[PDB]
Amino acid sequence: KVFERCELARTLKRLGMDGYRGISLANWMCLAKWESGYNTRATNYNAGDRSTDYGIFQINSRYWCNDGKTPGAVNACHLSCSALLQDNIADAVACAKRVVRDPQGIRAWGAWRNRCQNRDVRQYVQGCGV
């Protein structure tokens, strides 16, 4: 599923993402936008370490989900990486929440630091009714 901007904002808000661990909805929107373009089926193989990024948040197989083919990987979200490729983002959101419960918070995603941190991210949620 490729979400439309405001449709996703409300979906994330409805799922409890607005202010989760101090993270505004606009930050999640900026993350989802830069990681996958709001695409739940997005996948990216990392040849460098044999791991794969899955879904709308592009969560990694080394630490967060199990895909059975990542060497020495763990599964902190306790989910099949397949769960992160659904049109329904509830599982991806549960895992995204799990990621930020760790010290780094939203900083876990390199793309957020690069394209969202210390930036004006209001545009991602303007006019969405959130």
# chains A, B, ... in the order shown; residues from 1 in each chain; ligands from 1
$ residues_around --residues "residue 74 of chain A" --least-positions-apart "3" --cutoff "10 Å" --atoms "only C-alpha atoms" --output "MDAnalysis selection string"
chainID A and resid 61:68 70:71 77:78
$ write_last_selection --atoms "N, CA, C and O atoms" --output "PDB file, in the first residue's frame"
ATOM      1  N   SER A  61      16.123  -6.149   9.728  1.00  0.00           N
ATOM      2  CA  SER A  61      16.043  -7.555  10.122  1.00  0.00           C
ATOM      3  C   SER A  61      17.092  -8.048  11.120  1.00  0.00           C
ATOM      4  O   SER A  61      16.948  -9.127  11.710  1.00  0.00           O
ATOM      5  N   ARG A  62      18.150  -7.272  11.307  1.00  0.00           N
ATOM      6  CA  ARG A  62      19.209  -7.659  12.238  1.00  0.00           C
ATOM      7  C   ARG A  62      18.777  -7.632  13.699  1.00  0.00           C
ATOM      8  O   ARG A  62      19.128  -8.533  14.472  1.00  0.00           O
ATOM      9  N   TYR A  63      17.983  -6.626  14.064  1.00  0.00           N
ATOM     10  CA  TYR A  63      17.549  -6.460  15.451  1.00  0.00           C
ATOM     11  C   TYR A  63      16.042  -6.481  15.729  1.00  0.00           C
ATOM     12  O   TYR A  63      15.620  -6.906  16.803  1.00  0.00           O
ATOM     13  N   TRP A  64      15.232  -6.045  14.769  1.00  0.00           N
ATOM     14  CA  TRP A  64      13.796  -5.906  15.011  1.00  0.00           C
ATOM     15  C   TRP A  64      12.801  -6.970  14.586  1.00  0.00           C
ATOM     16  O   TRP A  64      11.810  -7.204  15.287  1.00  0.00           O
ATOM     17  N   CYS A  65      13.021  -7.578  13.430  1.00  0.00           N
ATOM     18  CA  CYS A  65      12.093  -8.606  12.974  1.00  0.00           C
ATOM     19  C   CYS A  65      12.874  -9.780  12.445  1.00  0.00           C
ATOM     20  O   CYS A  65      14.045  -9.645  12.055  1.00  0.00           O
ATOM     21  N   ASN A  66      12.217 -10.936  12.427  1.00  0.00           N
ATOM     22  CA  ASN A  66      12.834 -12.153  11.945  1.00  0.00           C
ATOM     23  C   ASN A  66      12.444 -12.501  10.525  1.00  0.00           C
ATOM     24  O   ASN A  66      11.243 -12.604  10.219  1.00  0.00           O
ATOM     25  N   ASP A  67      13.452 -12.656   9.659  1.00  0.00           N
ATOM     26  CA  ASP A  67      13.232 -13.085   8.275  1.00  0.00           C
ATOM     27  C   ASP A  67      13.971 -14.397   7.997  1.00  0.00           C
ATOM     28  O   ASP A  67      14.037 -14.857   6.858  1.00  0.00           O
ATOM     29  N   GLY A  68      14.547 -14.971   9.052  1.00  0.00           N
ATOM     30  CA  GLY A  68      15.261 -16.232   8.957  1.00  0.00           C
ATOM     31  C   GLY A  68      16.538 -16.283   8.134  1.00  0.00           C
ATOM     32  O   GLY A  68      17.299 -17.248   8.251  1.00  0.00           O
ATOM     33  N   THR A  70      18.882 -13.581   8.022  1.00  0.00           N
ATOM     34  CA  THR A  70      19.867 -12.594   8.465  1.00  0.00           C
ATOM     35  C   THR A  70      20.769 -13.231   9.522  1.00  0.00           C
ATOM     36  O   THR A  70      20.308 -13.644  10.583  1.00  0.00           O
ATOM     37  N   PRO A  71      22.071 -13.329   9.226  1.00  0.00           N
ATOM     38  CA  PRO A  71      23.055 -13.926  10.127  1.00  0.00           C
ATOM     39  C   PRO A  71      23.076 -13.282  11.492  1.00  0.00           C
ATOM     40  O   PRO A  71      23.092 -12.067  11.592  1.00  0.00           O
ATOM     41  N   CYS A  77      10.998  -6.973  18.016  1.00  0.00           N
ATOM     42  CA  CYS A  77       9.560  -6.710  17.918  1.00  0.00           C
ATOM     43  C   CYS A  77       8.755  -8.002  17.991  1.00  0.00           C
ATOM     44  O   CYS A  77       7.523  -7.984  18.111  1.00  0.00           O
ATOM     45  N   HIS A  78       9.472  -9.122  17.969  1.00  0.00           N
ATOM     46  CA  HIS A  78       8.866 -10.447  18.012  1.00  0.00           C
ATOM     47  C   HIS A  78       7.785 -10.541  16.944  1.00  0.00           C
ATOM     48  O   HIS A  78       6.620 -10.826  17.219  1.00  0.00           O
TER      49      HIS A  78
END
$ residues_around --residues "residue 85 of chain A" --least-positions-apart "2" --cutoff "9 Å" --atoms "only C-alpha atoms" --output "list in words"
residues 1, 39, 40, 41, 42, 43, 54, 55, 56, 81, 82, 83, 87, 88, 89 and 92 of chain A
$ select_by_dssp --residues "chain A" --states "strand (DSSP E)" --output "ChimeraX atom specification"
/A:43-46,51-54,59-60
$ write_last_selection --atoms "C-alpha atoms" --output "PDB file, in the first residue's frame"
ATOM      1  CA  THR A  43      12.211  -3.495   0.938  1.00  0.00           C
ATOM      2  CA  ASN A  44      15.911  -2.776   0.830  1.00  0.00           C
ATOM      3  CA  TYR A  45      18.605  -5.436   1.028  1.00  0.00           C
ATOM      4  CA  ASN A  46      21.840  -4.301   2.684  1.00  0.00           C
ATOM      5  CA  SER A  51      20.195  -7.599   6.529  1.00  0.00           C
ATOM      6  CA  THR A  52      17.022  -6.184   4.977  1.00  0.00           C
ATOM      7  CA  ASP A  53      14.875  -3.134   5.738  1.00  0.00           C
ATOM      8  CA  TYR A  54      11.111  -3.768   5.654  1.00  0.00           C
ATOM      9  CA  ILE A  59      12.806  -1.533   9.934  1.00  0.00           C
ATOM     10  CA  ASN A  60      15.940  -3.748   9.915  1.00  0.00           C
TER      11      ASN A  60
END
$ select_by_dssp --residues "chain A" --states "helix (DSSP H, G or I)" --output "PDB file with N, CA and C atoms, in the first residue's frame"
ATOM      1  N   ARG A   5      -0.492  11.190   1.972  1.00  0.00           N
ATOM      2  CA  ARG A   5      -0.015  11.930   3.149  1.00  0.00           C
ATOM      3  C   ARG A   5      -0.984  12.021   4.339  1.00  0.00           C
ATOM      4  N   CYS A   6      -2.077  12.764   4.192  1.00  0.00           N
ATOM      5  CA  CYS A   6      -3.027  12.936   5.303  1.00  0.00           C
ATOM      6  C   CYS A   6      -3.726  11.665   5.780  1.00  0.00           C
ATOM      7  N   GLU A   7      -3.930  10.733   4.856  1.00  0.00           N
ATOM      8  CA  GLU A   7      -4.532   9.446   5.154  1.00  0.00           C
ATOM      9  C   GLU A   7      -3.618   8.734   6.162  1.00  0.00           C
ATOM     10  N   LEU A   8      -2.310   8.780   5.916  1.00  0.00           N
ATOM     11  CA  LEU A   8      -1.364   8.144   6.823  1.00  0.00           C
ATOM     12  C   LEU A   8      -1.310   8.860   8.187  1.00  0.00           C
ATOM     13  N   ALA A   9      -1.286  10.192   8.181  1.00  0.00           N
ATOM     14  CA  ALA A   9      -1.218  10.948   9.444  1.00  0.00           C
ATOM     15  C   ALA A   9      -2.299  10.497  10.412  1.00  0.00           C
ATOM     16  N   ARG A  10      -3.531  10.420   9.916  1.00  0.00           N
ATOM     17  CA  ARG A  10      -4.666   9.984  10.726  1.00  0.00           C
ATOM     18  C   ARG A  10      -4.540   8.537  11.141  1.00  0.00           C
ATOM     19  N   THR A  11      -4.019   7.706  10.242  1.00  0.00           N
ATOM     20  CA  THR A  11      -3.831   6.285  10.546  1.00  0.00           C
ATOM     21  C   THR A  11      -2.837   6.141  11.699  1.00  0.00           C
ATOM     22  N   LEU A  12      -1.746   6.898  11.638  1.00  0.00           N
ATOM     23  CA  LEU A  12      -0.735   6.861  12.694  1.00  0.00           C
ATOM     24  C   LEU A  12      -1.309   7.432  13.996  1.00  0.00           C
ATOM     25  N   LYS A  13      -2.041   8.531  13.876  1.00  0.00           N
ATOM     26  CA  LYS A  13      -2.646   9.149  15.038  1.00  0.00           C
ATOM     27  C   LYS A  13      -3.629   8.188  15.712  1.00  0.00           C
ATOM     28  N   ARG A  14      -4.465   7.541  14.902  1.00  0.00           N
ATOM     29  CA  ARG A  14      -5.449   6.584  15.389  1.00  0.00           C
ATOM     30  C   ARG A  14      -4.755   5.417  16.107  1.00  0.00           C
ATOM     31  N   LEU A  25       3.696  13.548  15.680  1.00  0.00           N
ATOM     32  CA  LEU A  25       3.224  12.852  14.491  1.00  0.00           C
ATOM     33  C   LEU A  25       4.012  13.296  13.241  1.00  0.00           C
ATOM     34  N   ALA A  26       4.313  14.594  13.158  1.00  0.00           N
ATOM     35  CA  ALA A  26       5.044  15.152  12.024  1.00  0.00           C
ATOM     36  C   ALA A  26       6.420  14.491  11.846  1.00  0.00           C
ATOM     37  N   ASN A  27       7.038  14.101  12.955  1.00  0.00           N
ATOM     38  CA  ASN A  27       8.318  13.413  12.905  1.00  0.00           C
ATOM     39  C   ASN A  27       8.146  12.025  12.321  1.00  0.00           C
ATOM     40  N   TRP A  28       7.079  11.325  12.704  1.00  0.00           N
ATOM     41  CA  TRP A  28       6.810   9.981  12.173  1.00  0.00           C
ATOM     42  C   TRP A  28       6.516  10.080  10.679  1.00  0.00           C
ATOM     43  N   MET A  29       5.776  11.112  10.294  1.00  0.00           N
ATOM     44  CA  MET A  29       5.438  11.350   8.897  1.00  0.00           C
ATOM     45  C   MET A  29       6.711  11.622   8.082  1.00  0.00           C
ATOM     46  N   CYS A  30       7.612  12.417   8.645  1.00  0.00           N
ATOM     47  CA  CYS A  30       8.853  12.732   7.964  1.00  0.00           C
ATOM     48  C   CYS A  30       9.695  11.457   7.837  1.00  0.00           C
ATOM     49  N   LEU A  31       9.666  10.602   8.857  1.00  0.00           N
ATOM     50  CA  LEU A  31      10.403   9.347   8.834  1.00  0.00           C
ATOM     51  C   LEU A  31       9.858   8.410   7.747  1.00  0.00           C
ATOM     52  N   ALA A  32       8.550   8.174   7.778  1.00  0.00           N
ATOM     53  CA  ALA A  32       7.892   7.309   6.802  1.00  0.00           C
ATOM     54  C   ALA A  32       8.094   7.825   5.388  1.00  0.00           C
ATOM     55  N   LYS A  33       8.049   9.143   5.221  1.00  0.00           N
ATOM     56  CA  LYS A  33       8.236   9.752   3.907  1.00  0.00           C
ATOM     57  C   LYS A  33       9.636   9.504   3.341  1.00  0.00           C
ATOM     58  N   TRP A  34      10.650   9.736   4.160  1.00  0.00           N
ATOM     59  CA  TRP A  34      12.013   9.556   3.691  1.00  0.00           C
ATOM     60  C   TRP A  34      12.486   8.111   3.631  1.00  0.00           C
ATOM     61  N   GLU A  35      11.921   7.263   4.473  1.00  0.00           N
ATOM     62  CA  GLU A  35      12.305   5.861   4.481  1.00  0.00           C
ATOM     63  C   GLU A  35      11.699   5.060   3.325  1.00  0.00           C
ATOM     64  N   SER A  36      10.436   5.305   3.017  1.00  0.00           N
ATOM     65  CA  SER A  36       9.774   4.524   1.989  1.00  0.00           C
ATOM     66  C   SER A  36       8.823   5.266   1.049  1.00  0.00           C
ATOM     67  N   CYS A  81       9.241 -10.609   9.650  1.00  0.00           N
ATOM     68  CA  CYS A  81       9.442  -9.419   8.847  1.00  0.00           C
ATOM     69  C   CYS A  81       8.290  -9.273   7.862  1.00  0.00           C
ATOM     70  N   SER A  82       7.604 -10.382   7.585  1.00  0.00           N
ATOM     71  CA  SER A  82       6.463 -10.363   6.680  1.00  0.00           C
ATOM     72  C   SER A  82       5.380  -9.427   7.237  1.00  0.00           C
ATOM     73  N   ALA A  83       5.244  -9.387   8.561  1.00  0.00           N
ATOM     74  CA  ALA A  83       4.234  -8.556   9.222  1.00  0.00           C
ATOM     75  C   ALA A  83       4.403  -7.075   8.887  1.00  0.00           C
ATOM     76  N   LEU A  84       5.634  -6.694   8.541  1.00  0.00           N
ATOM     77  CA  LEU A  84       5.974  -5.316   8.197  1.00  0.00           C
ATOM     78  C   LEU A  84       5.784  -5.023   6.715  1.00  0.00           C
ATOM     79  N   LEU A  85       5.091  -5.905   6.002  1.00  0.00           N
ATOM     80  CA  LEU A  85       4.834  -5.690   4.580  1.00  0.00           C
ATOM     81  C   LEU A  85       3.324  -5.671   4.286  1.00  0.00           C
ATOM     82  N   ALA A  90      -0.614  -1.601  11.608  1.00  0.00           N
ATOM     83  CA  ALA A  90      -0.641  -1.787  13.061  1.00  0.00           C
ATOM     84  C   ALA A  90       0.608  -2.492  13.597  1.00  0.00           C
ATOM     85  N   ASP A  91       1.018  -3.582  12.946  1.00  0.00           N
ATOM     86  CA  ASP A  91       2.208  -4.312  13.389  1.00  0.00           C
ATOM     87  C   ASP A  91       3.495  -3.507  13.192  1.00  0.00           C
ATOM     88  N   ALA A  92       3.580  -2.787  12.083  1.00  0.00           N
ATOM     89  CA  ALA A  92       4.744  -1.959  11.800  1.00  0.00           C
ATOM     90  C   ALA A  92       4.821  -0.880  12.888  1.00  0.00           C
ATOM     91  N   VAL A  93       3.667  -0.315  13.243  1.00  0.00           N
ATOM     92  CA  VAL A  93       3.597   0.722  14.287  1.00  0.00           C
ATOM     93  C   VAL A  93       3.986   0.169  15.662  1.00  0.00           C
ATOM     94  N   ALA A  94       3.571  -1.060  15.968  1.00  0.00           N
ATOM     95  CA  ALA A  94       3.911  -1.706  17.236  1.00  0.00           C
ATOM     96  C   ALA A  94       5.430  -1.869  17.318  1.00  0.00           C
ATOM     97  N   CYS A  95       6.031  -2.234  16.195  1.00  0.00           N
ATOM     98  CA  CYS A  95       7.475  -2.411  16.106  1.00  0.00           C
ATOM     99  C   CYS A  95       8.202  -1.057  16.133  1.00  0.00           C
ATOM    100  N   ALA A  96       7.642  -0.051  15.461  1.00  0.00           N
ATOM    101  CA  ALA A  96       8.230   1.289  15.440  1.00  0.00           C
ATOM    102  C   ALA A  96       8.281   1.831  16.870  1.00  0.00           C
ATOM    103  N   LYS A  97       7.220   1.572  17.632  1.00  0.00           N
ATOM    104  CA  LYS A  97       7.120   1.995  19.034  1.00  0.00           C
ATOM    105  C   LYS A  97       8.179   1.277  19.860  1.00  0.00           C
ATOM    106  N   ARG A  98       8.360  -0.012  19.588  1.00  0.00           N
ATOM    107  CA  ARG A  98       9.370  -0.808  20.277  1.00  0.00           C
ATOM    108  C   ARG A  98      10.766  -0.242  20.027  1.00  0.00           C
ATOM    109  N   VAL A  99      11.050   0.173  18.798  1.00  0.00           N
ATOM    110  CA  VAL A  99      12.370   0.725  18.454  1.00  0.00           C
ATOM    111  C   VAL A  99      12.713   1.956  19.316  1.00  0.00           C
ATOM    112  N   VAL A 100      11.768   2.893  19.392  1.00  0.00           N
ATOM    113  CA  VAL A 100      11.958   4.112  20.153  1.00  0.00           C
ATOM    114  C   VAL A 100      11.912   3.945  21.680  1.00  0.00           C
ATOM    115  N   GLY A 105      15.819   6.508  20.780  1.00  0.00           N
ATOM    116  CA  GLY A 105      14.519   7.023  20.390  1.00  0.00           C
ATOM    117  C   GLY A 105      14.428   7.072  18.876  1.00  0.00           C
ATOM    118  N   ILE A 106      13.842   8.149  18.362  1.00  0.00           N
ATOM    119  CA  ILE A 106      13.645   8.375  16.926  1.00  0.00           C
ATOM    120  C   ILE A 106      14.982   8.423  16.177  1.00  0.00           C
ATOM    121  N   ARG A 107      16.055   8.638  16.937  1.00  0.00           N
ATOM    122  CA  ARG A 107      17.401   8.700  16.380  1.00  0.00           C
ATOM    123  C   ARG A 107      17.912   7.370  15.827  1.00  0.00           C
ATOM    124  N   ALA A 108      17.162   6.289  16.045  1.00  0.00           N
ATOM    125  CA  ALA A 108      17.562   4.970  15.544  1.00  0.00           C
ATOM    126  C   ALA A 108      17.646   4.947  14.016  1.00  0.00           C
ATOM    127  N   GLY A 110      18.683   6.430  10.628  1.00  0.00           N
ATOM    128  CA  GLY A 110      19.631   7.344  10.031  1.00  0.00           C
ATOM    129  C   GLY A 110      18.948   8.391   9.174  1.00  0.00           C
ATOM    130  N   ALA A 111      17.920   7.998   8.434  1.00  0.00           N
ATOM    131  CA  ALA A 111      17.215   8.943   7.584  1.00  0.00           C
ATOM    132  C   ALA A 111      16.526  10.059   8.383  1.00  0.00           C
ATOM    133  N   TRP A 112      16.022   9.762   9.578  1.00  0.00           N
ATOM    134  CA  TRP A 112      15.376  10.813  10.388  1.00  0.00           C
ATOM    135  C   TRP A 112      16.425  11.868  10.755  1.00  0.00           C
ATOM    136  N   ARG A 113      17.582  11.424  11.233  1.00  0.00           N
ATOM    137  CA  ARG A 113      18.647  12.354  11.598  1.00  0.00           C
ATOM    138  C   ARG A 113      19.039  13.207  10.414  1.00  0.00           C
ATOM    139  N   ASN A 114      19.181  12.560   9.265  1.00  0.00           N
ATOM    140  CA  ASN A 114      19.590  13.247   8.051  1.00  0.00           C
ATOM    141  C   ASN A 114      18.569  14.199   7.436  1.00  0.00           C
ATOM    142  N   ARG A 115      17.285  13.826   7.469  1.00  0.00           N
ATOM    143  CA  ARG A 115      16.232  14.610   6.820  1.00  0.00           C
ATOM    144  C   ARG A 115      15.064  15.154   7.663  1.00  0.00           C
ATOM    145  N   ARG A 122       6.499  20.637  10.002  1.00  0.00           N
ATOM    146  CA  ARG A 122       5.065  20.931  10.097  1.00  0.00           C
ATOM    147  C   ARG A 122       4.283  20.582   8.839  1.00  0.00           C
ATOM    148  N   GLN A 123       4.918  20.776   7.689  1.00  0.00           N
ATOM    149  CA  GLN A 123       4.309  20.502   6.392  1.00  0.00           C
ATOM    150  C   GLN A 123       3.755  19.092   6.223  1.00  0.00           C
ATOM    151  N   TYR A 124       4.387  18.107   6.853  1.00  0.00           N
ATOM    152  CA  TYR A 124       3.920  16.727   6.728  1.00  0.00           C
ATOM    153  C   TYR A 124       2.514  16.485   7.298  1.00  0.00           C
TER     154      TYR A 124
END
$ atom_distance --atom1 "atom CA of residue 3 of chain A" --atom2 "atom CA of residue 38 of chain A"
5.3 Å
